[PDB]
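Let me begin by presenting the structure, written as structure tokens, before commenting on it.
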Amino acid sequence: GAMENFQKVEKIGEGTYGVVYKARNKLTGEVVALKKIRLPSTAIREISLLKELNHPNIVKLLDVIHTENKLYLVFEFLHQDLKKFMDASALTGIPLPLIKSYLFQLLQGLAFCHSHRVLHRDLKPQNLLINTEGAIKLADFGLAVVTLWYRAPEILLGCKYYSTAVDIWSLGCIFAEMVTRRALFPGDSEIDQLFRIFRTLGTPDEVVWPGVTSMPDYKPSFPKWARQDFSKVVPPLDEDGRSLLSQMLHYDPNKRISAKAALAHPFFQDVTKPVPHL
Ligand SMILES: CS(=O)(=O)c1cccc2c(-c3nc(N[C@H]4CCCNC4)ncc3C(F)(F)F)c[nH]c12
């Protein structure tokens with residue numbers, strides 16, 4: 001069939017959706033990442049739309065193959081991801097110029113996506129792919145144990161209708177993690193995740209987040225924790241970085257900085273594109 005054209009090299013992982021292989025296209029010679037999804041006409045169209053969402057900081061969707069109760073997604077292959085790179089840089093830390101470069105590129109990717117009203121919905125270090133050229137790319141565009149660490153509070157509080165702000169939240173959480181070498185909000189249940197957020201950022205109220213007390217899963221019985229200083233949260237990040245990060249972690253989605261506006265932030269005045277040691 002269609003899949004005879006792909007020579008499996010190795011299983012590279014497995015997710016909620018399905019299994020990912022490193023594979024070789026026998027006709028093009030291309031090395032690819034191949035996702036097998038076990039099985040809808042709406043997914044076929046919504047995924048096919050991702051084939052046109054092409055940007056240098058988005059992993060390239062080469063092919064959508066719907067054959068025989070199975071959907072295969074053929075993607076560009078990259079050798080490393082940010083979770084593994086973070087782990088390999090634990091003793092030393094990712095140098096700030098590279099953190100900055102990565103954050104900048106990811107915001108370009110988001111800006112592009114968000115300009116087309118496409119949300120990612122599920123940014124996490126594992127799905128941010130890096131190469132030897134200094135590039136970082138968004139992968140695994142979510143459609144609409146699964147990690148909760150990068151989930152925006154409006155999602156946790158039961159907002160049915162996400163805005164692009166959910167991605168900015170997630171990227172802020174990733175930025176802080178690259179800086180501190182520890183996850184910002186490592187929740188192990190939805191309530192633990194929400195309360196970890198509250199313990200750092202203050203339990204939100206109508207002052208800081210108009211509408212919060214009407215949200216579907218908002219409970220008046222939530223404990224009232226006070227906000228901590230950001231200088232406590234992400235030392236030794238500089239004032240530009242902390243200012244940007246605070247704007248990316250605003251509780252209210254409508255106050256949260258956009259990707260486009262983040263790209264103009266003074267934090268990026270001295271941005272460069274270093275090459276990492278992989
Ligand atoms: C989170 S999961 O279960 O969905 C999953 C499992 C395994 C690989 C992937 C990838 C992926 N991985 C690579 N490379 C791997 C190489 C090994 C070090 N991590 C990166 N290259 C391209 C992709 C592509 F986005 F195109 F699908 C995306 N999601 C994955």
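Letters A, B, ... mark the chains of the structure tokens in the order given; residue numbers begin at 1 per chain; ligand numbers begin at 1, in order shown.
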
Among region 54-126 of chain A, which residues carry a DSSP assignment of alpha helix (DSSP H), reported as a compact mmCIF listing (two decimals) with N, CA and C atoms, in the first residue's frame?
# COMPACT_ATOMS: atom_id res chain seq x y z
N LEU A 82 13.49 20.04 22.81
CA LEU A 82 13.89 20.91 23.93
C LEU A 82 13.86 20.22 25.30
N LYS A 83 12.96 19.28 25.53
CA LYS A 83 12.96 18.54 26.82
C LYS A 83 14.30 17.82 27.02
N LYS A 84 14.71 17.05 26.02
CA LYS A 84 15.99 16.34 26.10
C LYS A 84 17.17 17.30 26.19
N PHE A 85 17.14 18.40 25.44
CA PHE A 85 18.20 19.40 25.50
C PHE A 85 18.29 20.08 26.87
N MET A 86 17.13 20.32 27.49
CA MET A 86 17.02 20.88 28.83
C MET A 86 17.65 19.92 29.83
N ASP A 87 17.28 18.65 29.75
CA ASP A 87 17.84 17.64 30.63
C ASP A 87 19.36 17.53 30.48
N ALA A 88 19.84 17.51 29.24
CA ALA A 88 21.29 17.46 28.96
C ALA A 88 22.05 18.72 29.36
N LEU A 96 21.97 32.13 28.18
CA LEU A 96 20.88 33.10 27.98
C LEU A 96 20.70 33.51 26.52
N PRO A 97 21.80 33.76 25.76
CA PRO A 97 21.59 34.16 24.36
C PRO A 97 20.78 33.12 23.53
N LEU A 98 20.97 31.84 23.85
CA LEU A 98 20.22 30.76 23.21
C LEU A 98 18.77 30.66 23.73
N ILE A 99 18.56 30.92 25.02
CA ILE A 99 17.19 30.95 25.59
C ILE A 99 16.44 32.03 24.82
N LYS A 100 17.06 33.20 24.75
CA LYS A 100 16.49 34.34 24.06
C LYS A 100 16.21 34.06 22.59
N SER A 101 17.19 33.46 21.90
CA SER A 101 16.98 33.05 20.50
C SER A 101 15.81 32.10 20.33
N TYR A 102 15.77 31.06 21.14
CA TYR A 102 14.68 30.11 21.10
C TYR A 102 13.30 30.76 21.36
N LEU A 103 13.23 31.65 22.35
CA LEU A 103 11.98 32.30 22.75
C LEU A 103 11.50 33.17 21.60
N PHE A 104 12.45 33.90 21.02
CA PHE A 104 12.20 34.76 19.87
C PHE A 104 11.63 34.00 18.68
N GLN A 105 12.29 32.90 18.33
CA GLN A 105 11.80 32.05 17.21
C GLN A 105 10.43 31.46 17.47
N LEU A 106 10.20 30.97 18.68
CA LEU A 106 8.91 30.39 19.03
C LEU A 106 7.81 31.45 18.96
N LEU A 107 8.10 32.68 19.40
CA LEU A 107 7.15 33.77 19.23
C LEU A 107 6.90 34.11 17.76
N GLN A 108 7.90 33.98 16.89
CA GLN A 108 7.66 34.18 15.44
C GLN A 108 6.70 33.15 14.87
N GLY A 109 6.94 31.90 15.24
CA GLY A 109 6.05 30.78 14.93
C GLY A 109 4.64 30.97 15.43
N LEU A 110 4.50 31.39 16.69
CA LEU A 110 3.19 31.68 17.21
C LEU A 110 2.54 32.86 16.53
N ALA A 111 3.30 33.93 16.32
CA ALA A 111 2.76 35.10 15.63
C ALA A 111 2.12 34.69 14.29
N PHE A 112 2.86 33.92 13.50
CA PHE A 112 2.39 33.43 12.21
C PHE A 112 1.09 32.62 12.37
N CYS A 113 1.10 31.63 13.27
CA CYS A 113 -0.07 30.78 13.56
C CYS A 113 -1.30 31.57 13.92
N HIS A 114 -1.08 32.49 14.85
CA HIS A 114 -2.11 33.29 15.45
C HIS A 114 -2.67 34.30 14.44
N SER A 115 -1.82 34.78 13.54
CA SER A 115 -2.28 35.58 12.40
C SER A 115 -3.28 34.83 11.51

task: Would you kindly return, as a ChimeraX atom specification, each protein, DNA or RNA residue with an atom no farther than 6 Å from any atom of region 221-238 of chain A, considering only C-alpha atoms and excluding same-chain residues fewer than 3 positions away?
output: /A:199-203,241

May I have the residues from that selection written out with N, CA, C and O atoms, as a PDB file, in the first residue's frame?
ATOM      1  N   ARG A 199      -0.522  29.750  44.084  1.00  0.00           N
ATOM      2  CA  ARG A 199       0.485  29.912  45.135  1.00  0.00           C
ATOM      3  C   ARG A 199       1.624  30.820  44.705  1.00  0.00           C
ATOM      4  O   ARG A 199       2.147  31.561  45.527  1.00  0.00           O
ATOM      5  N   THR A 200       1.968  30.813  43.416  1.00  0.00           N
ATOM      6  CA  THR A 200       2.982  31.723  42.884  1.00  0.00           C
ATOM      7  C   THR A 200       2.405  33.085  42.481  1.00  0.00           C
ATOM      8  O   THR A 200       2.952  34.134  42.809  1.00  0.00           O
ATOM      9  N   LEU A 201       1.336  33.066  41.706  1.00  0.00           N
ATOM     10  CA  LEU A 201       0.830  34.287  41.062  1.00  0.00           C
ATOM     11  C   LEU A 201      -0.290  35.003  41.829  1.00  0.00           C
ATOM     12  O   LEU A 201      -0.742  36.081  41.420  1.00  0.00           O
ATOM     13  N   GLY A 202      -0.709  34.426  42.950  1.00  0.00           N
ATOM     14  CA  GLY A 202      -1.844  34.928  43.706  1.00  0.00           C
ATOM     15  C   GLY A 202      -3.119  34.266  43.213  1.00  0.00           C
ATOM     16  O   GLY A 202      -3.281  34.046  42.013  1.00  0.00           O
ATOM     17  N   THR A 203      -4.017  33.904  44.131  1.00  0.00           N
ATOM     18  CA  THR A 203      -5.326  33.402  43.732  1.00  0.00           C
ATOM     19  C   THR A 203      -6.010  34.544  42.965  1.00  0.00           C
ATOM     20  O   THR A 203      -6.120  35.644  43.499  1.00  0.00           O
ATOM     21  N   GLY A 241      13.616  40.592  30.751  1.00  0.00           N
ATOM     22  CA  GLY A 241      13.038  39.247  30.773  1.00  0.00           C
ATOM     23  C   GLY A 241      11.888  39.067  31.765  1.00  0.00           C
ATOM     24  O   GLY A 241      10.860  38.460  31.443  1.00  0.00           O
TER      25      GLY A 241
END

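Take CA of residue 172 (chain A) and CA of residue 138 (chain A): the distance between them is 14.6 Å.
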
Output as JSON lines one row per residue of chain A within 9 Å of ligand 1: the closest atom pair and its distance in Å to one decimal place, counting only C-alpha atoms and all ligand atoms, sorted by chain and residue number ascending.
{"residue": "A:11", "atom": "CA", "partner": "ligand 1", "partner_atom_place_in_ligand_line": "7 (C)", "distance": 7.8}
{"residue": "A:12", "atom": "CA", "partner": "ligand 1", "partner_atom_place_in_ligand_line": "7 (C)", "distance": 4.8}
{"residue": "A:13", "atom": "CA", "partner": "ligand 1", "partner_atom_place_in_ligand_line": "7 (C)", "distance": 3.7}
{"residue": "A:14", "atom": "CA", "partner": "ligand 1", "partner_atom_place_in_ligand_line": "3 (O)", "distance": 3.9}
{"residue": "A:15", "atom": "CA", "partner": "ligand 1", "partner_atom_place_in_ligand_line": "3 (O)", "distance": 3.3}
{"residue": "A:16", "atom": "CA", "partner": "ligand 1", "partner_atom_place_in_ligand_line": "3 (O)", "distance": 6.7}
{"residue": "A:17", "atom": "CA", "partner": "ligand 1", "partner_atom_place_in_ligand_line": "4 (O)", "distance": 6.9}
{"residue": "A:18", "atom": "CA", "partner": "ligand 1", "partner_atom_place_in_ligand_line": "3 (O)", "distance": 6.7}
{"residue": "A:19", "atom": "CA", "partner": "ligand 1", "partner_atom_place_in_ligand_line": "3 (O)", "distance": 6.4}
{"residue": "A:20", "atom": "CA", "partner": "ligand 1", "partner_atom_place_in_ligand_line": "7 (C)", "distance": 5.0}
{"residue": "A:21", "atom": "CA", "partner": "ligand 1", "partner_atom_place_in_ligand_line": "7 (C)", "distance": 7.2}
{"residue": "A:22", "atom": "CA", "partner": "ligand 1", "partner_atom_place_in_ligand_line": "14 (N)", "distance": 7.5}
{"residue": "A:32", "atom": "CA", "partner": "ligand 1", "partner_atom_place_in_ligand_line": "22 (C)", "distance": 7.2}
{"residue": "A:33", "atom": "CA", "partner": "ligand 1", "partner_atom_place_in_ligand_line": "22 (C)", "distance": 4.9}
{"residue": "A:34", "atom": "CA", "partner": "ligand 1", "partner_atom_place_in_ligand_line": "27 (F)", "distance": 6.5}
{"residue": "A:35", "atom": "CA", "partner": "ligand 1", "partner_atom_place_in_ligand_line": "27 (F)", "distance": 6.5}
{"residue": "A:58", "atom": "CA", "partner": "ligand 1", "partner_atom_place_in_ligand_line": "25 (F)", "distance": 9.0}
{"residue": "A:59", "atom": "CA", "partner": "ligand 1", "partner_atom_place_in_ligand_line": "26 (F)", "distance": 5.9}
{"residue": "A:60", "atom": "CA", "partner": "ligand 1", "partner_atom_place_in_ligand_line": "26 (F)", "distance": 7.2}
{"residue": "A:61", "atom": "CA", "partner": "ligand 1", "partner_atom_place_in_ligand_line": "26 (F)", "distance": 7.3}
{"residue": "A:73", "atom": "CA", "partner": "ligand 1", "partner_atom_place_in_ligand_line": "27 (F)", "distance": 7.9}
{"residue": "A:74", "atom": "CA", "partner": "ligand 1", "partner_atom_place_in_ligand_line": "26 (F)", "distance": 7.2}
{"residue": "A:75", "atom": "CA", "partner": "ligand 1", "partner_atom_place_in_ligand_line": "26 (F)", "distance": 4.2}
{"residue": "A:76", "atom": "CA", "partner": "ligand 1", "partner_atom_place_in_ligand_line": "26 (F)", "distance": 5.1}
{"residue": "A:77", "atom": "CA", "partner": "ligand 1", "partner_atom_place_in_ligand_line": "21 (N)", "distance": 3.9}
{"residue": "A:78", "atom": "CA", "partner": "ligand 1", "partner_atom_place_in_ligand_line": "21 (N)", "distance": 4.3}
{"residue": "A:79", "atom": "CA", "partner": "ligand 1", "partner_atom_place_in_ligand_line": "16 (C)", "distance": 4.6}
{"residue": "A:80", "atom": "CA", "partner": "ligand 1", "partner_atom_place_in_ligand_line": "18 (C)", "distance": 4.5}
{"residue": "A:81", "atom": "CA", "partner": "ligand 1", "partner_atom_place_in_ligand_line": "19 (N)", "distance": 4.7}
{"residue": "A:82", "atom": "CA", "partner": "ligand 1", "partner_atom_place_in_ligand_line": "19 (N)", "distance": 8.1}
{"residue": "A:83", "atom": "CA", "partner": "ligand 1", "partner_atom_place_in_ligand_line": "19 (N)", "distance": 8.2}
{"residue": "A:84", "atom": "CA", "partner": "ligand 1", "partner_atom_place_in_ligand_line": "18 (C)", "distance": 7.0}
{"residue": "A:126", "atom": "CA", "partner": "ligand 1", "partner_atom_place_in_ligand_line": "1 (C)", "distance": 6.4}
{"residue": "A:127", "atom": "CA", "partner": "ligand 1", "partner_atom_place_in_ligand_line": "28 (C)", "distance": 5.6}
{"residue": "A:128", "atom": "CA", "partner": "ligand 1", "partner_atom_place_in_ligand_line": "25 (F)", "distance": 8.1}
{"residue": "A:129", "atom": "CA", "partner": "ligand 1", "partner_atom_place_in_ligand_line": "20 (C)", "distance": 6.3}
{"residue": "A:130", "atom": "CA", "partner": "ligand 1", "partner_atom_place_in_ligand_line": "20 (C)", "distance": 8.3}
{"residue": "A:137", "atom": "CA", "partner": "ligand 1", "partner_atom_place_in_ligand_line": "25 (F)", "distance": 8.8}
{"residue": "A:138", "atom": "CA", "partner": "ligand 1", "partner_atom_place_in_ligand_line": "25 (F)", "distance": 7.8}
{"residue": "A:139", "atom": "CA", "partner": "ligand 1", "partner_atom_place_in_ligand_line": "25 (F)", "distance": 4.5}
{"residue": "A:140", "atom": "CA", "partner": "ligand 1", "partner_atom_place_in_ligand_line": "25 (F)", "distance": 5.5}
{"residue": "A:141", "atom": "CA", "partner": "ligand 1", "partner_atom_place_in_ligand_line": "25 (F)", "distance": 8.7}

query: So which one's closest to residue 255 (chain A), A:214, A:41, A:164, A:132? Using only C-alpha atoms, please.
result: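 Distance minimum relative to residue 255 (chain A) lands on A:164.
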
field: Pick from A:121, A:215, A:208, A:53 nearest to residue 163 (chain A), counting only C-alpha atoms
entry: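 Looking at the shortest contact to residue 163 (chain A), the residue is A:121.
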